[PDB]
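Chains as they are written, first to last, in the deposited numbering: chain A, 21 to 318, 327 to 758; chain K, 1 to 84; chain 2, 36 to 211; chain 3, 40 to 98, 105 to 174, 181 to 211.
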Amino acid sequence: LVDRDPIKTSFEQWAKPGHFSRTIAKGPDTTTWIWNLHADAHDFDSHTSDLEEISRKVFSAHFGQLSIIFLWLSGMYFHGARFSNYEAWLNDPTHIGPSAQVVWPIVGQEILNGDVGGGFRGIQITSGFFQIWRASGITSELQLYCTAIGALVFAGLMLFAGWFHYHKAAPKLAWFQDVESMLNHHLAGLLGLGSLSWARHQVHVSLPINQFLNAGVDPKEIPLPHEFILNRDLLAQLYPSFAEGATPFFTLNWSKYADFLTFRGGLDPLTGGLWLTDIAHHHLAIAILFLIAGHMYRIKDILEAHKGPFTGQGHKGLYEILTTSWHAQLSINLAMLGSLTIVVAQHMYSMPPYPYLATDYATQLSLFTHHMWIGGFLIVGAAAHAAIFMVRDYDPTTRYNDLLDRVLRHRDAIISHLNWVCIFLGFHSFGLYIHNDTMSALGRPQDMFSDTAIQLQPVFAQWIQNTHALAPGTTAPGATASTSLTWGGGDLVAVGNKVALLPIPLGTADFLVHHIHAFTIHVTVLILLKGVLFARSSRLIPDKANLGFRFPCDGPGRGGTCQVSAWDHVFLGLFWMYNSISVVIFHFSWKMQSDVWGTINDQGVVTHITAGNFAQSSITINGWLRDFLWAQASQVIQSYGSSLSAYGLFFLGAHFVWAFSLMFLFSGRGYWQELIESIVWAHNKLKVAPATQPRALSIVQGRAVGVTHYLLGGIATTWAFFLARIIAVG
Amino acid sequence: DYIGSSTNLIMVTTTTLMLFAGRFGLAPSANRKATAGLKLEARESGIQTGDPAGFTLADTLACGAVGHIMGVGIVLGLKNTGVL
Amino acid sequence: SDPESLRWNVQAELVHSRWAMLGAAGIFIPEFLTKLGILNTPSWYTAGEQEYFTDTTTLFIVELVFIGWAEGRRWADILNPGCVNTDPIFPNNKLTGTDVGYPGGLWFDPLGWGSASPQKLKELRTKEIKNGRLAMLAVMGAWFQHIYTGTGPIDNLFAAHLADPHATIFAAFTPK
Amino acid sequence: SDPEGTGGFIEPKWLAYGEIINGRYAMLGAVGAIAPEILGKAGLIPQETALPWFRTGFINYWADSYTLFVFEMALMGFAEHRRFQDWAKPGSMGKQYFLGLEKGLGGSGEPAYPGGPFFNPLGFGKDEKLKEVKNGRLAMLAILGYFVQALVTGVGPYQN
Ligand code: CLA
Ligand SMILES: CC(=CC=C/C(C)=C/C=C/C=C(C)/C=C/C=C(C)/C=C/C1=C(C)CCCC1(C)C)/C=C/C1=C(C)CCCC1(C)C
Ligand SMILES: CC(=CC=C/C(C)=C/C=C/C=C(C)/C=C/C=C(C)/C=C/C1=C(C)CCCC1(C)C)/C=C/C1=C(C)CCCC1(C)C
Ligand SMILES: CC(=CC=C/C(C)=C/C=C/C=C(C)\C=C\C=C(C)\C=C\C1=C(C)CCCC1(C)C)/C=C/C1=C(C)CCCC1(C)C
Ligand SMILES: CC1=C(C/C=C(\C)CCC[C@H](C)CCC[C@@H](C)CCCC(C)C)C(=O)c2ccccc2C1=O
Ligand SMILES: OC[C@H]1O[C@](CO)(O[C@H]2O[C@H](CO)[C@@H](O)[C@H](O)[C@H]2O)[C@@H](O)[C@@H]1O
């Protein structure tokens, strides 16, 4: 370390066994430290006992994400370009069924490459470029081929800002350890100056270049590469060059107008992607705020303020150490970032924001479950990293007697409640279904819980849905339809290939899933809540912050003394959430196809991918493999010899990989030792082993190779199960 | 120019009310809640004079004072004042 | 702050160099030489126009039986005797090292003054133009590029195309 | 050794002071007004295919055309970084010529201004009666900047 510290060598450290705590990787050989090294590679209890750097690394090794997201996207714009189908698909939507990727016909490959639209062999897409891409106030294949290198530009450069940190002799403390302004900036002008800037390049150019696309043409029979300058003459069709107004204000006359916007709500008949005549106004109406907003402020003051009786004395002082944490100001974030992603996953499917979605079924549910697993994979995290706080981050105990020191005060308490909450749920929240089986398999419907047997009567309606689609008669101005076409009141006519959204009815078989979610969302959180709370000390172990937030398990005593910790609460809390999301998905498509998705023809006699089979028959939790899993999936297990086939052909692996997790999840440890030697023996006889003491998995590594597999198994299983029942009918 | 010239002046007016209005409303700050209609410093009535806003609001209503009739149902009567 | 960054053979890279480059000699002067309009013409009838082809891949064999032979003999007794094991003298060997080759065996050696010194003076000559030849040929090997790319009409491959003025190739000069 | 590049509060400003100084005579248009009778406008893309700005300027150009535009700004940029190395100093620049004692003839020295020295001492009668020589010519630079797009067009000078 020790090596040359000094002052006295540019000469870099390539060669001399080890580094990472101090009777380190020792001279003496071993393997464990090769999963060490990668694991905990990023961490901070080592590197130095002194903040300083760390924030000087994380602001750099951050960077290389943007740059990456940036090398990525490029190979997607390039891809969504010269491996074309976008040109072809756009003159010809409702019709196509898009591609970007294609094999090369090496070995078996080609089956994977199967006629997708504007006349070519390839593998489809459920990742709605070709639909952000509607945008292109321009169109052209080589063009995206500029947007593309425009991408690699931001990268190399927005990747030499990461040389232009840590490796360059760095900023320091004040720079972040004065926080005083940060959000001031961020939200004001980027949050703002994007949404803002996005406005300017969202009616300028895009609106017009799909105002007269929503009809016909073949591009360049429209939208030149410059055309949209000073020429405010084509902006003539889509409202005035302000005619006699000057910089809004009022001494304005309308005997017949009101600038672009003229607010919509509903859905283009010919392109139901929601109206764009709005899409400017809403982004404009954003930015303003941010534009005004990012103009606080300088900190404590506002939190150093409102206290009460039982309230939070420490509210006041809610962390000096919120300029001195990270692990704290990351975990907070993840809960939001994360919880603020799966709020996407709704406003999307019950309010499409891109031209051609809904009709495009599979190219926005992929979405609504990809976005859905982040608004969850980022939340258990958002707990883990709080545990990482709760255990260690600060130097000593300087933080004292406050909102927390409070919450903890009760702790065998906040989690005392929550518990019973769950068993109240569960009993009202799952055995509920099991009634049905036991009594519908007993069979007496009189007494089930059907949308019709237990008292509810051919209506759901009177709640709040029915006071949403109907609200354009309040303080409400209006604009034909609602806000989200899926609401109770009025309207039908949505689309001329297939369908899109319509009411979406409820009652029971909507009533009780909606409740299983409760109990599922709740017991998830119990285990993370109590997990992060009891982070450091307890009446099973108090001497219990003494290593780190991991540690395998304290020891055979006290009865059990194993799981405890909170790596592990963030190990069995993943375990749930994989359900939390994995059953919410299961919900949406079985609805969204049992009803909604389906299809018009004469007299628009609606014909769902399934005549609402849901009805009386998800209520039975077998119906959930009678009507689901065994019904759909018949497309997965038919999928051989085709074009997609890579799904069925995954769906066996990964429906294997999962069923390999249990081995990592379910087993001892001096076991594979006791085994690894028999091995090590046979090894020595030929003279072939010892060097680098081969060793079994690091108790908790073992759990690391559970879980992670159990998910990348149990998950892509459906990622396959899905793309295979929306491609092809649906 | 145009009517928008009598509206250049008009822009001047919105902008002005808001700034003028503004210094007073942030002046003796470090205050937060509170004023006279609550806890301790009574001299009641409503009162009389304390300005920013009343004065400005009264002006937006006014600006429509002299351009009145001229823009409206265009010109009528034989000199409404009687004087030559 | 400056790379770390290398070598050591930093000593050997430099002798496929005098290999690569001197060598490009062979192409540089014979080409242009060629001999414009010699009088003229290039015609090779002789072993070549009637005995059923002459070479191509008997070409290589004979062709680099020799290069064969000689390129090997080239670096692998450039010099290095001692020629085995077992502790470090670095290059990745000099496991010849302290012994050149032989303790009083034969005339391993060239030349008096117990070494191999091809005398002291001659930095001249080959420091200059020669590690020139390295440099030179960088840019009239960057001519190889200019000299022909553009696959004289007789083929557009993967049709961008991507605009059009007029042709290109070689013979000397330039429109400009 | 490896080349250098010292950042320190405000190199970025000495070379940023300089960048605009060069751009203050690369301001060009009104510094040398005979330069453009109409040359401020580059005259892009007006093929005998097609078109310029748009309604333009149209009663862009005749031209001084061409190619060999990169090679210039590169090759004479292959000099900007030489009066930046050579006069690091150790002087011998005047390599003179091997023989010939007749080469007293000098020229200047190192020049900044009326030359070798200032020169011809002897002066003042009439002419008669560090950054301001910088400051005012961005107040000449950024001025044509908006004057490229200097239009209200639909309307025009409200002022007037
Ligand atoms: C803003 C977020 C983000 C950031 C910057 C971090 C940063 C950090 N986390 Mg963390 N974390 C996050 C989100 C984040 N986390 C989330 C959402 C969770 C919930 C799962 C966690 C759960 C978590 C735990 C439990 C731990 C950390 C730890 C850490 C620290 C260790 C980093 C390391 O060595 O990489 C670790 C990554 C590897 C070693 C690479 C292995 C990745 C495998 C599992 C592959 C994943 C499957 C994938 C499909 C495989 C690729 C495809 C393949 C099939 C070809 C580091 C400070 C650790 C710590 O000890 O604190 C100091 C602790 O282990 N995190
Ligand atoms: C520089 C600039 C700018 C700008 C502008 C800008 C600066 C803009 C920006 C914007 C931003 C944005 C717009 C954002 C975006 C984002 C995104 C797009 C993302 C997305 C996502 C999500 C959702 C999550 C994750 C994933 C992803 C990434 C996909 C300018 C400046 C200036 C100056 C000084 C001078 C004068 C002019 C001006 C102009 C005044
Ligand atoms: C059209 C033309 C042309 C030309 C010429 C040319 C013309 C050529 C070219 C060349 C080229 C080069 C040499 C290169 C280039 C490059 C470029 C141009 C690029 C650009 C850009 C942009 C645009 C942006 C971004 C950046 C970049 C750089 C990419 C022609 C026309 C005509 C007519 C009227 C008729 C017939 C005759 C003629 C006379 C023929
Ligand atoms: C047997 C095998 C394999 C298997 C395999 C299986 C049986 C399975 C596997 C699986 C894997 C995986 C599975 C991975 C992956 C992946 C991915 C790429 C994913 C993605 C994703 C995402 C993005 C997230 C979540 C969802 C998903 C999953 C979709 C192999 C074997 C072998 C042999 C004989 C010997 C040599 C080596 C080899 C050649 C190797
Ligand atoms: C199966 C199992 C093992 C045994 C698993 C092992 C030993 C996996 C490690 C195998 C390594 C990854 C093989 C690595 C060898 C190659 C990388 C070397 C050759 C290099 C390539 C070219 C092949 C555990 O150690 C364990 C520990 C704790 C809880 C549960 C379990 C558990 O369930
Ligand atoms: O001798 C220069 C040459 O340019 C002159 C100057 O002599 O002036 C204009 O003409 C050239 C073209 O030759 C332009 O490119 C130059 O930049 C202009 O100032 C013209 O008189 C001469 O032809």
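Built from N, CA and C at the ideal position, the CB exists for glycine as well.
By the C-beta density criterion, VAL592 (chain A) is buried, having at least 16 other C-beta atoms within 10 angstroms. Look at the segment 148–177 of chain A: it has no residue with a C-beta under 7 Å from a C-beta of chain 3. Straight through space, the alpha carbons of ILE74 (chain A) and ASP23 (chain A) are spaced by roughly 22 Å.
Per the CB criterion, closer than 7 Å to any heavy atom of ligand 3, the qualifying residues run in chain order as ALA198 (chain 2), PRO200 (chain 2), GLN86 (chain 3), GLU87 (chain 3), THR88 (chain 3) and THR112 (chain 3).
The shortest C-alpha to C-alpha distance from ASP623 (chain A) to any of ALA61 (chain A), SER226 (chain A) and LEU534 (chain A) is the one to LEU534 (chain A). Not one heavy atom of ligand 1 is found less than 6 Å from the C-beta of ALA373 (chain A). Counting C-beta pairs with one atom in each stretch, the segment 409–422 of chain A and the segment 532–551 of chain A have fewer than three that are closer than 8 Å, which means they do not touch. Counted as a single uninterrupted DSSP element, the stretch harbouring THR121 (chain 2) is not any alpha helix (DSSP H), since DSSP gives it neither H nor E.
Judged by their CB atoms, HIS737 (chain A) and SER695 (chain A) are not nearer to each other than the 7 Å cut-off. When the five nearest sequence neighbours on each side are left out, the beta carbons in the same chain lying within less than 6 Å of the beta carbon of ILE59 (chain 3) are those of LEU189, in order along the chain. For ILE10 (chain K), the C-beta contacts it makes with chain A under 9 Å involve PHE269, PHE270 and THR271, in order along the chain. Judged by DSSP secondary structure, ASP433 (chain A) falls within the alpha helix (DSSP H) whose first and last residues are 431–437. Closest option to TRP686 (chain A), judged by alpha-carbon separation, among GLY651 (chain A), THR167 (chain A) and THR746 (chain A): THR746 (chain A).
By the Cβ rule, the segment 510–520 of chain A counts as touching the segment 491–501 of chain A, because three or more pairs are nearer than 8 Å. Within chain A, the residues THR271 have their CB atoms less than 7 Å from the CB of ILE3 (chain K), given in chain order. Closer than 7 Å to the CB of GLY205 (chain 3) there is at least one CB belonging to chain A.
Sorting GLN485 (chain A), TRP491 (chain A), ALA208 (chain A) and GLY517 (chain A) by C-alpha distance to the C-alpha of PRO500 (chain A) places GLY517 (chain A) at the top. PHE184 (chain A) carries a helical assignment under DSSP once its states are collapsed to helix, strand and coil.
With respect to chain 2, the C-beta atom of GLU32 (chain A) has a partner C-beta closer than 7 Å. Annotation: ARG127 (chain 3) is outside any alpha helix (DSSP H) and is labelled neither H nor E by DSSP.
Within the DSSP secondary-structure output, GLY95 (chain A) pairs in a beta bridge with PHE98 (chain A). Secondary structure at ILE143 (chain A): strand, using DSSP grouped into helix, strand and coil. A direct Cα-Cα distance of roughly 51 Å separates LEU250 (chain A) from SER353 (chain A).
Using a Cβ-Cβ cut-off of 7 Å, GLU48 (chain 2) does not count as an interface residue toward chain A, since no Cβ of chain A sits closer than that to its own. C-alpha of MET138 (chain 3) to C-alpha of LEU120 (chain 3): approximately 21 Å in a straight line. Contact note: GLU72 (chain A) does not reach chain K at a C-beta cutoff of 8 Å; the least C-beta distance is about 37 Å. For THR52 (chain A), the three-state secondary structure derived from DSSP is helix.
At a cut-off of 7 Å between beta carbons, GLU264 (chain A) contacts chain K. For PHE93 (chain 3), the neighbours in chain A by C-beta distance under 8 Å run, in chain order, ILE249, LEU250 and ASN251. DSSP places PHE642 (chain A) outside any alpha helix (DSSP H), giving it a letter other than H or E. Distances between the C-beta of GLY681 (chain A) and the heavy atoms of ligand 1 are all 6 Å or more. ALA120 (chain A) places its beta carbon 7 Å or farther from that of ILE89 (chain A). Proximity of the beta carbon of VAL685 (chain A) to ligand 4 is indicated: a heavy atom of the ligand is located closer than 6 Å. Counting other Cβ atoms within 10 Å of its Cβ, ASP37 (chain 2) stays below 16 and is therefore classed as exposed. Annotation: the continuous alpha helix (DSSP H) that includes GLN163 (chain A) extends over 161–173. Of all alpha-carbon atoms in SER6 (chain K), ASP1 (chain K), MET11 (chain K) and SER5 (chain K), the one lying nearest the alpha-carbon of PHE269 (chain A) is that of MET11 (chain K).
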